[PDB]
Protein chains: 4
Amino acid sequence: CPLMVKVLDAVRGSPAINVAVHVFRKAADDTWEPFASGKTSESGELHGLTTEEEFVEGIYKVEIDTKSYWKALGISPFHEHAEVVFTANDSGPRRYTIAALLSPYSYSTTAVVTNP
Amino acid sequence: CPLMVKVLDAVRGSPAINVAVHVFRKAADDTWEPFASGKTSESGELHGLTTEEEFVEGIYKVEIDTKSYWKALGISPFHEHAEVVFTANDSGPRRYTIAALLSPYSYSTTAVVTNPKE
Amino acid sequence: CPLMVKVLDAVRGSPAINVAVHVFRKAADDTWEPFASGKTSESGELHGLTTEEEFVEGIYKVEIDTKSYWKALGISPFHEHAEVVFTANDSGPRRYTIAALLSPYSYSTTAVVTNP
Amino acid sequence: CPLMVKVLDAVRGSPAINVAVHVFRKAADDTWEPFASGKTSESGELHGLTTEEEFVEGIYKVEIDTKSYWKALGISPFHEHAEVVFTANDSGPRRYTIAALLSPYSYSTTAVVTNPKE
Ligand SMILES: N[C@@H](Cc1cc(I)c(Oc2cc(I)c(O)c(I)c2)c(I)c1)C(=O)O
Ligand SMILES: N[C@@H](Cc1cc(I)c(Oc2cc(I)c(O)c(I)c2)c(I)c1)C(=O)O
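Residues numbered from 1 in each chain as written, not as in the entry; some residues may be left out. Chains lettered and ligands numbered in written order. Heavy atoms only, no water.

Going by the header, the method for this PDB entry is X-ray crystallography, and the resolution given is 2. Å.

Q: Before we move on, can you summarise the overall build of chain B with the specific residues and values?
A: Each helix and strand in chain B was counted, giving one helix and nine strands. Radius of gyration (C-alpha) of chain B: 14 Å, near the 13 Å computed for a compact globule of 118 residues. Overall size of chain B, expressed as C-alpha extent along the three principal axes, is 45 × 30 × 20 Å. By residue count, 53% of the 118 residues in chain B fall in the buried class. For chain B, long-range pairs separated by at least 24 residues make up 60% of all intrachain contacts whose partners lie at least 6 apart in sequence. For chain B, the accessible area works out to roughly 5200 Å², and carbon and sulfur atoms hold 47% of it. In chain B, which carries 11 positive and 16 negative side-chain charges, the distance between the mean positions of the two groups comes to 6 Å. (Helix = DSSP H or I, 4+ residues; strand = E, 2+ residues; numbered from the N terminus. Rg over C-alpha atoms; globule rule 2.2 N^0.38 Å. Buried < 20%, exposed > 50% of the residue type's maximum accessible area, 1.4 Å probe, protein only. Contact = heavy atoms within 4.5 Å. Areas by Shrake-Rupley, 256 points an atom, 1.4 Å probe, with all protein chains shown as cover. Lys, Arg positive; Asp, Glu negative; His and termini not counted. Charge placed at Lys NZ, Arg CZ, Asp CG, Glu CD.)

Q: Hey, could you go over the site of ligand 2 for me, with residue numbers and the actual values?
A: Around ligand 2 there are 15 residues in total, and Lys6(A), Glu45(A), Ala100(A), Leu8(C) and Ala99(C) lie nearest to it. What surrounds ligand 2 is not a single chain but chains A and C. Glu45(A) is positioned such that a nitrogen or oxygen atom in its side chain is 3.0 Å from a nitrogen atom of ligand 2. Notes on ligand 2: free accessible area 630 Å², of which the protein chains cover 81%. Looking at the shell around ligand 2, the elements that each hand over two or more residues are β1 (3–9) and β8 (95–103) of chain A together with β1 (3–9), β8 (95–103) and β9 (106–114) of chain C. Grouping the amino acids of the shell around ligand 2 by side-chain chemistry returns nine nonpolar, two polar and four charged. (Near = heavy atom within 4 Å. Polar contact = N/O pair within 3.5 Å; in protein donor to acceptor, adjacent residues only side chain to side chain. Nonpolar A, V, L, I, M, F, W, Y, C, P; charged D, E, K, R; others polar.)

Q: Give a detailed account of the packing of aromatic side chains, specifying residues and quantitative values.
A: A complete count under the given rule lists 40 aromatic pairs over all chains for this structure. With a centroid separation of 4.9 Å and an interplanar angle of 15°, the aromatic rings of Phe86(C) and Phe78(D) are classed as stacked. Here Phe86(C), found in strand β7 (residues 79–88), pairs with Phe78(D), found in the loop between α1 (66–71) and β7 (82–88), and the two come from separate chains. You'll find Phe86(C) and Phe78(D) in the same group, each marked buried. A ring pair is formed by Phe78(D) and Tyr105(D), whose centres lie 5.8 Å apart and whose planes are at 25°; its orientation type is stacked. Of this pair, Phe78(D) sits in the loop between α1 and β7 while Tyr105(D) is found in the loop between β8 (95–103) and β9 (106–114), placing the two residues 27 residues apart along the sequence. (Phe/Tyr/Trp six-rings, centres within 6.5 Å; stacked < 30°, edge-to-face > 60°.)

Q: Outline the sheet that holds β7(D), listing residues and values.
A: Backbone hydrogen bonds are what pair the strands of a sheet, in a parallel or an antiparallel way. Taken in spatial order, the eight strands line up as β4(C)-β3(C)-β6(C)-β7(C)-β7(D)-β6(D)-β3(D)-β4(D) in an open sheet, and their pairing is antiparallel. Across the chains shown, the open sheet's two edge strands, defined by having one partner strand only, are β4 (32–39) of chain C together with β4 (32–39) of chain D. Each strand axis lies, on average, 20° off the axis of its neighbour in the sheet, ignoring direction. Looking at chain direction, β7(C) and β7(D) are connected through three bridges and run antiparallel. By the bridge assignment for β7(D), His81(C) is matched with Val85(D). (Pairing = 2+ DSSP bridges. Axes fitted to C-alpha atoms, helices over the stretch in contact; angles between N-to-C directions.)

Q: Go over the pairing of strand β6 (residues 58–64) of chain A, please, and point to the residues and values.
A: Residue and element names in this part refer to chain A. With six of its seven residues buried, β6 lies for the most part within the structure. Where strand β3 (residues 20–26) lies against β6, five bridges are found, and the strand directions are antiparallel. The residue bridging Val21 from the neighbouring strand is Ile64, located in β6. Summarising the sheet, β6 and strand β7 (residues 79–88) pair through seven bridges and their orientation is antiparallel. Pairing of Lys61 across the sheet is with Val85, part of β7.

Q: Quick rundown of the sheet that holds β3(A)? Include the residues and the values.
A: If you trace the eight strands from one edge of the open sheet to the other, you get β4(A)-β3(A)-β6(A)-β7(A)-β7(B)-β6(B)-β3(B)-β4(B), paired in antiparallel fashion. The strands lining the two open edges of the sheet, one partner per strand, are β4 (32–39) of chain A together with β4 (32–39) of chain B. Each strand of the sheet is rotated relative to its neighbour by a mean of 20°, with strand direction disregarded.

Q: Which residues make up the interface of chain B and chain A, and what values do they have?
A: Across the boundary between the two partners, chain B contributes 21 residues, which contact 21 residues of chain A. With both chains or domains summed, chain B and chain A bury close to 1800 Å², and 57% of this area falls on carbon and sulfur atoms. Connecting chain B to chain A are 14 residue pairs in polar contact. Of all elements in the fold, only β7 (82–88), β8 (95–103) and β9 (106–114) of chain B reach the threshold of two or more residues within the side of chain B that touches chain A. A total of seven residues in the side of chain B that touches chain A trace back to one element, the largest contributor, which is β9(B). Taken together, the residues that form the side of chain B that touches chain A break down as 11 nonpolar, seven polar and three charged. Bridge analysis of β7(A) against β7(B) gives two bridges, and the strand direction is antiparallel. (Buried area = accessible area lost by both parts, 1.4 Å probe.)

Q: Before we move on, could you go through the environment of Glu45(B) and cite the residues and values that matter?
A: By the secondary structure assignment, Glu45(B) is in strand β5 (residues 45–46). Taking C-alpha positions, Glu45(B) is 23 Å from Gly74(B), a pair spaced 29 residues apart along the chain.

Q: Talk me through the interface of chain C and chain D; I want residue IDs and the actual numbers.
A: Listed by partner, the interface residues are 21 residues for chain C and 21 residues for chain D. Taken as a group, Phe78(C), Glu80(C) and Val85(C) account for 31% of the area that chain C buries against chain D, more than any other trio of residues on that side. Joining chain C to chain D, the criterion identifies zero salt bridges. For the side of chain C that touches chain D, the element with the most residues is β7(C), which contributes eight residues. Looking at the side of chain C that touches chain D residue by residue, the classes come out as 11 nonpolar, seven polar and three charged. (Salt bridge = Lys/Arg side-chain N within 4 Å of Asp/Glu carboxyl O.)

Q: Give me the UniProt feature "binding site: L-thyroxine" in chain B: which residues, what numbers.
A: On the UniProt side, "binding site: L-thyroxine" is annotated at positions that read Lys6(B), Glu45(B) and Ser108(B) here. Beyond its immediate chain neighbours, meaning those up to four positions away, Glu45(B) contacts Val5(B), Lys6(B), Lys39(B) and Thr40(B). Mapped onto the elements of the fold, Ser108(B) is located in strand β9. The exposure class assigned to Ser108(B) is buried, which follows from its relative accessible area of 14%. Once residues lying within four places of it in the same chain are set aside, the contact partners of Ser108(B) are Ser106(A), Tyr107(A), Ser108(A), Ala99(B), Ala100(B), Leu101(B) and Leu101(D). (UniProt positions renumbered as here; feature names shortened; annotations may be inferred.)

Structural data, given as structure tokens:
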């Protein structure tokens, strides 16, 4: 749909599968409120988290439980989890892909905003 | 110091100067408590946030305002900020070096933990 | 096919399209010899560069002309180009995806080796 | 010095110690000429490769043997090495800091160029 997540493992060089992803929308009260969640698939992807009709402009936060994932491989991670806060103001493009590359002591995240 | 931050700019090939950094500590009520703040210097570093005595066990959050940095450069970035959450000094004290590499639609962070020997 | 390349732009947050990619195979003489080439598509991907029958074990080098790409956006790049040398010993998995994330002064590359 | 390398380990949260680095310069015949070599120290840094006089205009290649590093750690990595190709001091001399962040199936590199004022 209009919001996709992709997670990869930099240690094994494979998609990070079955990771818990939680999405939040900043509400007026300025707190974070549940929006959507899921666990990444076998190809380290999470789709159809939302629809265009309910994905309105605003501030969203995507939180990835990197800790649980690393513990499970029996590796001691640094981060409690990874977060990505961005303003989604679909004024042009439509699709957003939040990609994160994980390592026990580091993680990189990039956003690919396209139109088709 | 126990806590050090290093920020680099991937578009210019330079350290990230005047980037504001806010550090919080997860309060006793699962509330985030301001713990320290600063701005990266000419070398994109920030030392002097805290001391050994002040820096006790707990979950800390280092928030880097990447947004203000880019905006003041003519580029509108994707992210609002960059935040690193971690548990510190649970096995006696350590030295943490939180490093970030910035790009308008991406950023990378890694941590360097060294044992003072305590 | 069994070798895929993906390129992304970290400055515009979009796929890096129409980038020249050249692949080499280290020959006995130990020099690099032409193997395959292409320009990334509209989604910053390059597929069907080879086939299983001709992708044999050995040392391959994937070179991405990051310079030409950055010059075209009128940005001064640091690197002359990005390279990725790896040993492909399909003894297990089959597919290799060489992903590279570009920035005028930096580039990260990760490999996703899967089986389906 | 004009040329400095910094290597970090993303799996351990530490500098990359004893990593071999070879530097080449594109010879007059489009041949790579060995220019300097070293090994990262306890702080995952390598200084003293060259001098201002020695380091003239040209295209250089910094090759980091990431493979030997990982192997000597029990992990078999994806890449054979990590190489950074760039043109240096074409607009009078500069100072270059080639930094790499290593992972078994990934690695990141960025450069920090500063003007000595020449
Ligand atoms: N006192 C040091 C400060 C410094 C610490 C680190 I640790 C570092 O290394 C990286 C490597 C990568 I890859 C990054 O993305 C990032 I951010 C930092 C660099 I350069 C500089 C000095 O100024 O000499
Ligand atoms: N089904 C989606 C899945 C997908 C998105 C991305 I974006 C991607 O590319 C990278 C490149 C680097 I470098 C990373 O560190 C990471 I994480 C992902 C890859 I492979 C796959 C699609 O193909 O559109």
